[PDB]
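Chemist: As input, take target.cif (mmCIF, N, CA and C atoms and all ligand atoms):
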```
data_entry
#
loop_
_atom_site.label_atom_id
_atom_site.label_comp_id
_atom_site.auth_asym_id
_atom_site.auth_seq_id
_atom_site.Cartn_x
_atom_site.Cartn_y
_atom_site.Cartn_z
N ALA C 1 -21.68 15.70 -1.74
CA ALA C 1 -22.68 14.93 -0.94
C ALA C 1 -22.83 13.51 -1.48
N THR C 2 -22.14 12.56 -0.83
CA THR C 2 -22.15 11.13 -1.18
C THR C 2 -21.22 10.81 -2.37
N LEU C 3 -21.36 9.59 -2.90
CA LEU C 3 -20.57 9.08 -4.03
C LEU C 3 -21.01 7.63 -4.30
N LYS C 4 -20.05 6.74 -4.57
CA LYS C 4 -20.34 5.32 -4.78
C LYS C 4 -19.12 4.50 -5.22
N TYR C 5 -18.56 4.83 -6.37
CA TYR C 5 -17.41 4.10 -6.86
C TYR C 5 -16.19 5.01 -6.87
N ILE C 6 -15.05 4.49 -7.31
CA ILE C 6 -13.82 5.27 -7.36
C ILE C 6 -12.92 4.72 -8.45
N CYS C 7 -11.89 5.47 -8.83
CA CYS C 7 -10.96 5.02 -9.85
C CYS C 7 -9.64 4.69 -9.16
N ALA C 8 -9.14 3.48 -9.41
CA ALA C 8 -7.90 3.03 -8.81
C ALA C 8 -6.77 4.06 -8.75
N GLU C 9 -6.33 4.55 -9.92
CA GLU C 9 -5.23 5.51 -10.00
C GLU C 9 -5.63 6.96 -9.72
N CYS C 10 -6.44 7.52 -10.61
CA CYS C 10 -6.90 8.90 -10.49
C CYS C 10 -8.02 8.97 -9.47
N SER C 11 -7.78 8.36 -8.31
CA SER C 11 -8.75 8.33 -7.21
C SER C 11 -9.74 9.49 -7.27
N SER C 12 -10.92 9.24 -7.84
CA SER C 12 -11.92 10.29 -7.96
C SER C 12 -13.33 9.73 -7.89
N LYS C 13 -14.04 10.12 -6.85
CA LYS C 13 -15.42 9.69 -6.63
C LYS C 13 -16.22 9.77 -7.93
N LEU C 14 -16.72 8.64 -8.41
CA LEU C 14 -17.46 8.60 -9.66
C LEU C 14 -18.90 8.09 -9.55
N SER C 15 -19.12 6.86 -10.01
CA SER C 15 -20.43 6.19 -9.98
C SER C 15 -21.34 6.43 -11.19
N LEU C 16 -22.32 5.54 -11.33
CA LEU C 16 -23.34 5.57 -12.39
C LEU C 16 -24.23 4.33 -12.19
N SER C 17 -25.18 4.11 -13.09
CA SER C 17 -26.08 2.95 -13.01
C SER C 17 -25.81 1.97 -14.16
N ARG C 18 -26.71 1.01 -14.36
CA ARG C 18 -26.52 0.02 -15.43
C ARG C 18 -26.22 0.62 -16.80
N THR C 19 -25.50 -0.16 -17.61
CA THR C 19 -25.10 0.23 -18.97
C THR C 19 -24.62 1.69 -19.11
N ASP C 20 -23.72 2.08 -18.22
CA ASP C 20 -23.13 3.42 -18.22
C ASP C 20 -21.62 3.26 -18.43
N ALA C 21 -21.26 2.16 -19.11
CA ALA C 21 -19.87 1.80 -19.38
C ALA C 21 -19.29 1.35 -18.05
N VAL C 22 -17.97 1.26 -17.97
CA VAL C 22 -17.33 0.88 -16.72
C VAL C 22 -16.01 1.61 -16.70
N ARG C 23 -15.99 2.78 -17.33
CA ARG C 23 -14.78 3.59 -17.41
C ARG C 23 -14.84 4.76 -16.42
N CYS C 24 -14.02 5.76 -16.64
CA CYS C 24 -13.99 6.90 -15.75
C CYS C 24 -13.98 8.25 -16.48
N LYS C 25 -14.32 9.30 -15.75
CA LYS C 25 -14.34 10.65 -16.30
C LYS C 25 -12.90 11.11 -16.47
N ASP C 26 -12.26 10.57 -17.51
CA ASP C 26 -10.87 10.84 -17.89
C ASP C 26 -10.07 9.55 -18.03
N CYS C 27 -9.47 9.08 -16.93
CA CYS C 27 -8.68 7.85 -16.96
C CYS C 27 -9.52 6.72 -17.49
N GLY C 28 -9.13 6.20 -18.65
CA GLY C 28 -9.85 5.09 -19.21
C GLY C 28 -9.82 3.99 -18.16
N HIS C 29 -8.65 3.79 -17.54
CA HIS C 29 -8.44 2.77 -16.50
C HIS C 29 -9.76 2.21 -16.00
N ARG C 30 -10.22 1.19 -16.72
CA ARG C 30 -11.48 0.51 -16.50
C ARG C 30 -11.63 -0.24 -15.17
N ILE C 31 -10.87 0.13 -14.13
CA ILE C 31 -10.97 -0.57 -12.84
C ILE C 31 -12.14 -0.15 -11.95
N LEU C 32 -11.95 0.84 -11.07
CA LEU C 32 -13.03 1.30 -10.19
C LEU C 32 -13.35 0.44 -8.96
N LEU C 33 -13.19 1.07 -7.80
CA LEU C 33 -13.44 0.44 -6.51
C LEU C 33 -14.82 0.80 -5.95
N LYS C 34 -15.12 0.43 -4.71
CA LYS C 34 -16.45 0.73 -4.23
C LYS C 34 -16.61 1.50 -2.93
N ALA C 35 -15.66 2.37 -2.62
CA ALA C 35 -15.70 3.21 -1.41
C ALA C 35 -16.64 2.81 -0.27
N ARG C 36 -16.06 2.77 0.93
CA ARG C 36 -16.69 2.42 2.21
C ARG C 36 -18.21 2.51 2.37
N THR C 37 -18.70 2.04 3.52
CA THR C 37 -20.12 2.08 3.83
C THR C 37 -20.32 3.28 4.71
N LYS C 38 -21.56 3.73 4.78
CA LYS C 38 -21.86 4.87 5.60
C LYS C 38 -22.06 4.36 7.02
N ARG C 39 -22.76 3.23 7.15
CA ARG C 39 -23.00 2.65 8.46
C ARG C 39 -21.63 2.51 9.12
N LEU C 40 -21.28 3.38 10.07
CA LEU C 40 -19.98 3.27 10.74
C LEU C 40 -19.86 1.88 11.37
N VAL C 41 -18.64 1.34 11.40
CA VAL C 41 -18.38 0.03 11.97
C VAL C 41 -17.65 0.16 13.31
N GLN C 42 -17.85 -0.80 14.20
CA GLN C 42 -17.22 -0.75 15.51
C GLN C 42 -16.30 -1.92 15.78
N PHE C 43 -15.26 -1.72 16.58
CA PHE C 43 -14.33 -2.82 16.85
C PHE C 43 -13.99 -3.05 18.32
N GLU C 44 -13.79 -4.32 18.65
CA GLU C 44 -13.41 -4.73 20.00
C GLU C 44 -12.01 -4.13 20.01
N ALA C 45 -11.61 -3.45 21.08
CA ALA C 45 -10.28 -2.86 21.03
C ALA C 45 -9.20 -3.69 21.66
N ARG C 46 -9.10 -4.96 21.32
CA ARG C 46 -8.06 -5.76 21.93
C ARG C 46 -7.13 -6.38 20.92
N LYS S 1 4.93 -4.71 -27.48
CA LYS S 1 4.85 -4.61 -26.03
C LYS S 1 3.39 -4.99 -25.78
N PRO S 2 3.08 -5.55 -24.61
CA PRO S 2 1.73 -5.98 -24.22
C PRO S 2 0.55 -5.06 -24.65
N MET S 3 -0.57 -5.65 -25.07
CA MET S 3 -1.74 -4.87 -25.47
C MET S 3 -3.06 -5.53 -25.09
N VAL S 4 -4.11 -4.72 -24.96
CA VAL S 4 -5.43 -5.21 -24.61
C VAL S 4 -6.46 -4.87 -25.67
N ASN S 5 -6.62 -5.75 -26.65
CA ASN S 5 -7.59 -5.48 -27.70
C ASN S 5 -8.99 -5.84 -27.18
N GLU S 6 -9.71 -4.84 -26.68
CA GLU S 6 -11.05 -5.07 -26.14
C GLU S 6 -12.11 -4.32 -26.93
N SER S 7 -13.23 -4.99 -27.21
CA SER S 7 -14.33 -4.36 -27.95
C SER S 7 -14.86 -3.20 -27.09
N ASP S 8 -15.28 -2.12 -27.75
CA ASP S 8 -15.80 -0.93 -27.06
C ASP S 8 -14.64 -0.07 -26.56
N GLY S 9 -13.53 -0.14 -27.29
CA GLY S 9 -12.36 0.62 -26.93
C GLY S 9 -11.24 0.31 -27.89
N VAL S 10 -10.17 1.10 -27.77
CA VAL S 10 -8.98 0.94 -28.61
C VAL S 10 -8.26 -0.37 -28.28
N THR S 11 -6.99 -0.22 -27.94
CA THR S 11 -6.13 -1.32 -27.53
C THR S 11 -5.19 -0.61 -26.55
N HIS S 12 -5.43 -0.83 -25.27
CA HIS S 12 -4.61 -0.21 -24.25
C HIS S 12 -3.29 -0.95 -24.10
N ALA S 13 -2.23 -0.19 -23.83
CA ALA S 13 -0.92 -0.78 -23.63
C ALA S 13 -0.98 -1.44 -22.25
N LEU S 14 -1.47 -2.69 -22.22
CA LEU S 14 -1.63 -3.46 -20.97
C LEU S 14 -0.41 -3.54 -20.04
N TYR S 15 -0.68 -3.61 -18.74
CA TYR S 15 0.37 -3.69 -17.74
C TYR S 15 0.09 -4.82 -16.75
N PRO S 16 1.15 -5.40 -16.15
CA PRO S 16 0.93 -6.49 -15.19
C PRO S 16 -0.19 -6.19 -14.23
N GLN S 17 0.07 -5.29 -13.29
CA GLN S 17 -0.90 -4.94 -12.28
C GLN S 17 -2.37 -4.97 -12.73
N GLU S 18 -2.65 -4.54 -13.95
CA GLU S 18 -4.03 -4.53 -14.45
C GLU S 18 -4.54 -5.90 -14.92
N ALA S 19 -3.70 -6.61 -15.67
CA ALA S 19 -4.04 -7.93 -16.20
C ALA S 19 -4.33 -8.89 -15.07
N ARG S 20 -3.63 -8.69 -13.96
CA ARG S 20 -3.81 -9.51 -12.79
C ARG S 20 -5.20 -9.21 -12.24
N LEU S 21 -5.44 -7.95 -11.88
CA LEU S 21 -6.73 -7.54 -11.35
C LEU S 21 -7.86 -7.92 -12.27
N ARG S 22 -7.73 -7.55 -13.54
CA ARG S 22 -8.77 -7.83 -14.53
C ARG S 22 -8.87 -9.25 -15.11
N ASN S 23 -7.96 -10.13 -14.71
CA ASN S 23 -7.94 -11.52 -15.18
C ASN S 23 -7.73 -11.63 -16.69
N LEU S 24 -6.77 -10.86 -17.19
CA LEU S 24 -6.44 -10.86 -18.60
C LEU S 24 -5.16 -11.67 -18.76
N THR S 25 -4.56 -11.63 -19.94
CA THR S 25 -3.32 -12.37 -20.20
C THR S 25 -2.27 -11.36 -20.65
N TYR S 26 -1.30 -11.08 -19.79
CA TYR S 26 -0.24 -10.13 -20.09
C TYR S 26 0.62 -10.56 -21.28
N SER S 27 0.00 -10.72 -22.44
CA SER S 27 0.69 -11.15 -23.66
C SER S 27 1.14 -10.01 -24.59
N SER S 28 1.00 -10.24 -25.90
CA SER S 28 1.39 -9.25 -26.91
C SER S 28 1.25 -9.77 -28.34
N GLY S 29 1.22 -8.84 -29.29
CA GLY S 29 1.09 -9.18 -30.70
C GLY S 29 2.30 -9.79 -31.38
N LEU S 30 2.03 -10.73 -32.29
CA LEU S 30 3.07 -11.41 -33.04
C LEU S 30 2.84 -11.14 -34.53
N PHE S 31 3.74 -10.37 -35.14
CA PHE S 31 3.63 -10.01 -36.56
C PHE S 31 4.80 -10.46 -37.44
N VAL S 32 4.48 -10.99 -38.62
CA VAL S 32 5.49 -11.44 -39.57
C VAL S 32 5.19 -10.95 -40.99
N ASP S 33 6.25 -10.58 -41.71
CA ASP S 33 6.16 -10.09 -43.08
C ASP S 33 5.83 -11.22 -44.05
N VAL S 34 4.54 -11.53 -44.21
CA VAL S 34 4.13 -12.60 -45.13
C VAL S 34 4.25 -12.09 -46.56
N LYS S 35 4.93 -12.87 -47.39
CA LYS S 35 5.17 -12.52 -48.79
C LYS S 35 4.41 -13.43 -49.76
N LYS S 36 3.67 -12.81 -50.68
CA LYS S 36 2.88 -13.53 -51.68
C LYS S 36 3.26 -13.14 -53.11
N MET E 1 5.97 -1.27 8.96
CA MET E 1 4.71 -1.83 9.52
C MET E 1 4.46 -1.21 10.87
N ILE E 2 4.85 0.07 11.01
CA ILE E 2 4.69 0.84 12.24
C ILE E 2 5.21 0.17 13.49
N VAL E 3 5.75 0.97 14.37
CA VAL E 3 6.31 0.46 15.60
C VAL E 3 5.30 -0.18 16.53
N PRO E 4 5.68 -1.28 17.15
CA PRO E 4 4.77 -1.93 18.08
C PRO E 4 4.58 -1.03 19.31
N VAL E 5 3.35 -0.72 19.69
CA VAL E 5 3.18 0.02 20.94
C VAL E 5 3.54 -1.08 21.93
N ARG E 6 4.29 -0.79 22.97
CA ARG E 6 4.61 -1.85 23.95
C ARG E 6 5.23 -3.18 23.48
N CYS E 7 6.06 -3.71 24.37
CA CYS E 7 6.81 -4.94 24.17
C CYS E 7 5.98 -6.17 24.48
N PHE E 8 5.91 -7.07 23.51
CA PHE E 8 5.16 -8.30 23.64
C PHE E 8 5.39 -8.95 24.99
N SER E 9 6.64 -9.18 25.31
CA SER E 9 6.99 -9.81 26.57
C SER E 9 6.58 -9.10 27.87
N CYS E 10 7.12 -7.90 28.15
CA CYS E 10 6.77 -7.18 29.41
C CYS E 10 5.85 -5.94 29.30
N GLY E 11 5.37 -5.64 28.10
CA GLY E 11 4.45 -4.53 27.93
C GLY E 11 4.94 -3.11 28.13
N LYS E 12 6.24 -2.94 28.37
CA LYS E 12 6.81 -1.60 28.57
C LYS E 12 6.65 -0.77 27.31
N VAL E 13 5.97 0.37 27.44
CA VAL E 13 5.74 1.29 26.32
C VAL E 13 6.98 1.39 25.43
N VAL E 14 6.78 1.42 24.11
CA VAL E 14 7.92 1.48 23.20
C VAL E 14 7.46 2.14 21.92
N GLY E 15 6.25 2.69 21.98
CA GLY E 15 5.68 3.32 20.81
C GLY E 15 6.31 4.64 20.46
N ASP E 16 6.61 5.40 21.50
CA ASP E 16 7.25 6.71 21.37
C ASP E 16 8.71 6.61 20.87
N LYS E 17 9.47 5.74 21.52
CA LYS E 17 10.86 5.53 21.19
C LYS E 17 11.21 5.33 19.71
N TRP E 18 10.25 5.15 18.80
CA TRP E 18 10.69 4.92 17.42
C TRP E 18 11.53 6.01 16.85
N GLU E 19 10.90 7.16 16.60
CA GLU E 19 11.59 8.30 16.03
C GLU E 19 12.89 8.65 16.77
N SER E 20 12.81 8.73 18.10
CA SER E 20 13.99 9.04 18.88
C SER E 20 15.15 8.12 18.49
N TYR E 21 14.94 6.81 18.52
CA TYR E 21 15.97 5.83 18.16
C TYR E 21 16.58 6.11 16.78
N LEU E 22 15.73 6.31 15.78
CA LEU E 22 16.19 6.58 14.42
C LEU E 22 17.14 7.78 14.36
N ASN E 23 16.92 8.75 15.24
CA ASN E 23 17.77 9.94 15.30
C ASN E 23 19.10 9.59 15.94
N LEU E 24 19.06 9.09 17.17
CA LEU E 24 20.27 8.70 17.88
C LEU E 24 21.16 7.86 16.98
N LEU E 25 20.65 7.48 15.82
CA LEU E 25 21.42 6.69 14.88
C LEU E 25 21.92 7.53 13.72
N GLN E 26 21.00 8.12 12.96
CA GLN E 26 21.40 8.93 11.81
C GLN E 26 22.10 10.22 12.22
N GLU E 27 21.42 11.03 13.03
CA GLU E 27 21.98 12.29 13.49
C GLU E 27 23.11 12.08 14.51
N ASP E 28 22.77 11.81 15.77
CA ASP E 28 23.75 11.61 16.83
C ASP E 28 24.71 10.43 16.59
N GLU E 29 24.80 9.99 15.34
CA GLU E 29 25.65 8.87 14.91
C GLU E 29 26.15 7.92 16.00
N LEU E 30 25.21 7.21 16.62
CA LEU E 30 25.51 6.24 17.67
C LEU E 30 25.35 4.84 17.11
N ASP E 31 25.54 3.85 17.97
CA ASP E 31 25.41 2.45 17.59
C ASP E 31 24.15 1.87 18.22
N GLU E 32 23.43 1.04 17.47
CA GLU E 32 22.20 0.43 17.96
C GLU E 32 22.32 0.05 19.43
N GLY E 33 23.29 -0.80 19.74
CA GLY E 33 23.47 -1.23 21.11
C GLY E 33 23.33 -0.11 22.14
N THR E 34 23.83 1.07 21.79
CA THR E 34 23.80 2.24 22.67
C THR E 34 22.50 3.01 22.59
N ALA E 35 22.12 3.38 21.37
CA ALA E 35 20.88 4.13 21.14
C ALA E 35 19.75 3.52 21.97
N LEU E 36 19.75 2.19 22.06
CA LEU E 36 18.75 1.48 22.83
C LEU E 36 18.91 1.77 24.31
N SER E 37 20.12 1.58 24.84
CA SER E 37 20.38 1.85 26.25
C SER E 37 19.97 3.28 26.60
N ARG E 38 20.25 4.19 25.67
CA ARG E 38 19.94 5.61 25.83
C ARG E 38 18.44 5.84 26.00
N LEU E 39 17.64 5.11 25.22
CA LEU E 39 16.18 5.23 25.27
C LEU E 39 15.55 4.49 26.47
N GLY E 40 16.40 3.92 27.33
CA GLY E 40 15.92 3.23 28.52
C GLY E 40 15.46 1.80 28.35
N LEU E 41 15.68 1.25 27.16
CA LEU E 41 15.30 -0.12 26.85
C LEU E 41 16.37 -1.03 27.43
N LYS E 42 16.14 -1.49 28.66
CA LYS E 42 17.09 -2.34 29.37
C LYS E 42 17.22 -3.79 28.93
N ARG E 43 16.35 -4.68 29.41
CA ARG E 43 16.46 -6.09 29.03
C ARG E 43 16.04 -6.36 27.59
N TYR E 44 16.62 -7.42 27.01
CA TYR E 44 16.38 -7.82 25.64
C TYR E 44 14.93 -7.91 25.13
N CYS E 45 13.99 -8.22 26.02
CA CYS E 45 12.58 -8.33 25.63
C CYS E 45 12.10 -7.01 25.02
N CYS E 46 12.66 -5.91 25.52
CA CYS E 46 12.33 -4.57 25.03
C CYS E 46 13.28 -4.20 23.89
N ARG E 47 14.55 -4.55 24.06
CA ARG E 47 15.58 -4.28 23.06
C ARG E 47 15.25 -4.94 21.74
N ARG E 48 15.00 -6.24 21.80
CA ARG E 48 14.69 -7.02 20.61
C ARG E 48 13.54 -6.40 19.86
N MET E 49 12.66 -5.76 20.62
CA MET E 49 11.47 -5.13 20.06
C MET E 49 11.79 -4.05 19.01
N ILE E 50 12.57 -3.05 19.43
CA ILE E 50 12.96 -1.91 18.58
C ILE E 50 14.07 -2.24 17.59
N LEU E 51 15.10 -2.89 18.13
CA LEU E 51 16.26 -3.29 17.38
C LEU E 51 15.90 -4.13 16.17
N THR E 52 14.74 -4.78 16.23
CA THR E 52 14.28 -5.68 15.17
C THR E 52 13.12 -5.25 14.27
N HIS E 53 12.33 -4.30 14.73
CA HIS E 53 11.20 -3.86 13.94
C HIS E 53 11.58 -3.43 12.52
N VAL E 54 10.79 -3.86 11.55
CA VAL E 54 11.02 -3.50 10.17
C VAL E 54 9.87 -2.61 9.71
N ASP E 55 10.06 -1.29 9.84
CA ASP E 55 9.08 -0.25 9.50
C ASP E 55 8.60 -0.23 8.03
N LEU E 56 7.98 -1.32 7.59
CA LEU E 56 7.44 -1.44 6.24
C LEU E 56 6.46 -0.34 5.86
N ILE E 57 5.66 0.12 6.81
CA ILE E 57 4.66 1.14 6.51
C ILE E 57 5.21 2.22 5.59
N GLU E 58 6.50 2.48 5.72
CA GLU E 58 7.14 3.49 4.89
C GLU E 58 7.03 3.12 3.43
N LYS E 59 7.33 1.87 3.09
CA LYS E 59 7.24 1.45 1.70
C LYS E 59 5.76 1.44 1.28
N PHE E 60 4.87 1.11 2.23
CA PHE E 60 3.42 1.07 1.97
C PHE E 60 2.88 2.44 1.58
N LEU E 61 3.26 3.44 2.38
CA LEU E 61 2.87 4.85 2.20
C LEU E 61 3.24 5.34 0.81
N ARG E 62 4.32 4.80 0.29
CA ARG E 62 4.83 5.19 -1.00
C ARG E 62 4.00 4.70 -2.17
N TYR E 63 2.68 4.57 -2.00
CA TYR E 63 1.88 4.08 -3.11
C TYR E 63 1.00 5.09 -3.82
N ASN E 64 -0.05 5.61 -3.17
CA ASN E 64 -0.87 6.65 -3.80
C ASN E 64 -2.20 7.06 -3.13
N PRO E 65 -3.36 6.52 -3.57
CA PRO E 65 -4.56 6.98 -2.87
C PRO E 65 -4.77 6.28 -1.51
ZN ZN Q 101 -10.25 7.83 -13.95
ZN ZN Q 102 9.93 -5.70 27.50
#
```
Using the file provided, produce a representation of the structure as structure tokens.
Ligand SMILES: [Zn+2]
Ligand SMILES: [Zn+2]
Modeler:
Amino acid sequence: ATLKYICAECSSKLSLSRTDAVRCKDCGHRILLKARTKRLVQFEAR
Amino acid sequence: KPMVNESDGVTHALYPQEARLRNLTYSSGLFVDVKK
Amino acid sequence: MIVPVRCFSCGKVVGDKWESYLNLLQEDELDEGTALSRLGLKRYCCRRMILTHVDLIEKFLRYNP
């Protein structure tokens, strides 16, 4: 139910708050993305 | 071979793709046998 | 970079013809010039479409998450 961030390589829904490091549950790979918005988006279909 | 000596961690064997994203310098260590 | 649905010039559907064309080439070992005629792509506006597409998406897919 939900998520927030992600890990570039070991793509795995993560997340945390301030001063919780900036690493991942396993892959040190200190990157991390920010997975989509919930508010669905709409597009002109042309 | 390239390395990332960062505080709060070891020294990761740095790679292009990461140094680019992270704005680091894809460099490496230079060591010489100093004799005294 | 996935096949163009329809031809820029005359709009004739061409989205389906991708896979078919690739076969008439690898399997049925034909020549582009023919494989195209076979798929009903008559004038060059449609021909140029398929004959030229560079299906990059394949290399893209080869990445990971
Ligand atoms: Zn990870
Ligand atoms: Zn056409």
Chemist: Taking only C-alpha atoms and all ligand atoms into account, list the residues no farther than 12 Å from ligand ZN 101 (chain Q), as an mmCIF file with N, CA and C atoms, in the frame of the given file.
Modeler:
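File produced: part.cif:
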```
data_model
loop_
_atom_site.group_PDB
_atom_site.id
_atom_site.type_symbol
_atom_site.label_atom_id
_atom_site.label_comp_id
_atom_site.auth_asym_id
_atom_site.auth_seq_id
_atom_site.Cartn_x
_atom_site.Cartn_y
_atom_site.Cartn_z
ATOM 1 N N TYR C 5 -18.560 4.830 -6.370
ATOM 2 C CA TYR C 5 -17.410 4.100 -6.860
ATOM 3 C C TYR C 5 -16.190 5.010 -6.870
ATOM 4 N N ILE C 6 -15.050 4.490 -7.310
ATOM 5 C CA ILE C 6 -13.820 5.270 -7.360
ATOM 6 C C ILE C 6 -12.920 4.720 -8.450
ATOM 7 N N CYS C 7 -11.890 5.470 -8.830
ATOM 8 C CA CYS C 7 -10.960 5.020 -9.850
ATOM 9 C C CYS C 7 -9.640 4.690 -9.160
ATOM 10 N N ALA C 8 -9.140 3.480 -9.410
ATOM 11 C CA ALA C 8 -7.900 3.030 -8.810
ATOM 12 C C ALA C 8 -6.770 4.060 -8.750
ATOM 13 N N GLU C 9 -6.330 4.550 -9.920
ATOM 14 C CA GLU C 9 -5.230 5.510 -10.000
ATOM 15 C C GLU C 9 -5.630 6.960 -9.720
ATOM 16 N N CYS C 10 -6.440 7.520 -10.610
ATOM 17 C CA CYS C 10 -6.900 8.900 -10.490
ATOM 18 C C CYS C 10 -8.020 8.970 -9.470
ATOM 19 N N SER C 11 -7.780 8.360 -8.310
ATOM 20 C CA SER C 11 -8.750 8.330 -7.210
ATOM 21 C C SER C 11 -9.740 9.490 -7.270
ATOM 22 N N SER C 12 -10.920 9.240 -7.840
ATOM 23 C CA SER C 12 -11.920 10.290 -7.960
ATOM 24 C C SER C 12 -13.330 9.730 -7.890
ATOM 25 N N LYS C 13 -14.040 10.120 -6.850
ATOM 26 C CA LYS C 13 -15.420 9.690 -6.630
ATOM 27 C C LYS C 13 -16.220 9.770 -7.930
ATOM 28 N N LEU C 14 -16.720 8.640 -8.410
ATOM 29 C CA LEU C 14 -17.460 8.600 -9.660
ATOM 30 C C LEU C 14 -18.900 8.090 -9.550
ATOM 31 N N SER C 15 -19.120 6.860 -10.010
ATOM 32 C CA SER C 15 -20.430 6.190 -9.980
ATOM 33 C C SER C 15 -21.340 6.430 -11.190
ATOM 34 N N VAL C 22 -17.970 1.260 -17.970
ATOM 35 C CA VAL C 22 -17.330 0.880 -16.720
ATOM 36 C C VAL C 22 -16.010 1.610 -16.700
ATOM 37 N N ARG C 23 -15.990 2.780 -17.330
ATOM 38 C CA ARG C 23 -14.780 3.590 -17.410
ATOM 39 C C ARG C 23 -14.840 4.760 -16.420
ATOM 40 N N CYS C 24 -14.020 5.760 -16.640
ATOM 41 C CA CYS C 24 -13.990 6.900 -15.750
ATOM 42 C C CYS C 24 -13.980 8.250 -16.480
ATOM 43 N N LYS C 25 -14.320 9.300 -15.750
ATOM 44 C CA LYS C 25 -14.340 10.650 -16.300
ATOM 45 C C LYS C 25 -12.900 11.110 -16.470
ATOM 46 N N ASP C 26 -12.260 10.570 -17.510
ATOM 47 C CA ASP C 26 -10.870 10.840 -17.890
ATOM 48 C C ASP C 26 -10.070 9.550 -18.030
ATOM 49 N N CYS C 27 -9.470 9.080 -16.930
ATOM 50 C CA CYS C 27 -8.680 7.850 -16.960
ATOM 51 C C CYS C 27 -9.520 6.720 -17.490
ATOM 52 N N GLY C 28 -9.130 6.200 -18.650
ATOM 53 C CA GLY C 28 -9.850 5.090 -19.210
ATOM 54 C C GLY C 28 -9.820 3.990 -18.160
ATOM 55 N N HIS C 29 -8.650 3.790 -17.540
ATOM 56 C CA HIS C 29 -8.440 2.770 -16.500
ATOM 57 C C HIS C 29 -9.760 2.210 -16.000
ATOM 58 N N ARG C 30 -10.220 1.190 -16.720
ATOM 59 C CA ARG C 30 -11.480 0.510 -16.500
ATOM 60 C C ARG C 30 -11.630 -0.240 -15.170
ATOM 61 N N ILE C 31 -10.870 0.130 -14.130
ATOM 62 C CA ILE C 31 -10.970 -0.570 -12.840
ATOM 63 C C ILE C 31 -12.140 -0.150 -11.950
ATOM 64 N N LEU C 32 -11.950 0.840 -11.070
ATOM 65 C CA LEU C 32 -13.030 1.300 -10.190
ATOM 66 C C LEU C 32 -13.350 0.440 -8.960
ATOM 67 N N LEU C 33 -13.190 1.070 -7.800
ATOM 68 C CA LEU C 33 -13.440 0.440 -6.510
ATOM 69 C C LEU C 33 -14.820 0.800 -5.950
#
```
Chemist: Just the strand (DSSP E) stuff from chain S, please, per backbone DSSP, written as an MDAnalysis selection string.
Modeler: chainID S and resid 4:5 11:12
Chemist: With a distance cut-off of 6 Å and all atoms listed in the file, select the neighbouring residues of region 45-55 of chain E, excluding the residue or stretch itself and same-chain residues fewer than 5 positions from it, and output the selection as a ChimeraX atom specification.
Modeler: /E:1-2,7,9-10
Chemist: Report the distance between atom N of residue 18 (chain S) and CA of residue 30 (chain S) in Å, rounded to one decimal place.
Modeler: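 Interatomic distance here is 21.1 Å.
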Chemist: Rounded to one decimal, what separation in Å do you get between CA of residue 19 (chain S) and CA of residue 34 (chain C)?
Modeler: 19.3 Å
Chemist: Pick the closest to ligand ZN 102 (chain Q) from E:5, E:27, E:44, E:19: which is it, counting all atoms listed in the file?
Modeler: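 Looking only at the distances to ligand ZN 102 (chain Q), the closest residue turns out to be E:44.
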Chemist: Quote the spacing between CA of residue 40 (chain E) and atom N of residue 24 (chain E) in Å to one decimal place.
Modeler: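 Distance reported for this atom pair: 13.2 Å.
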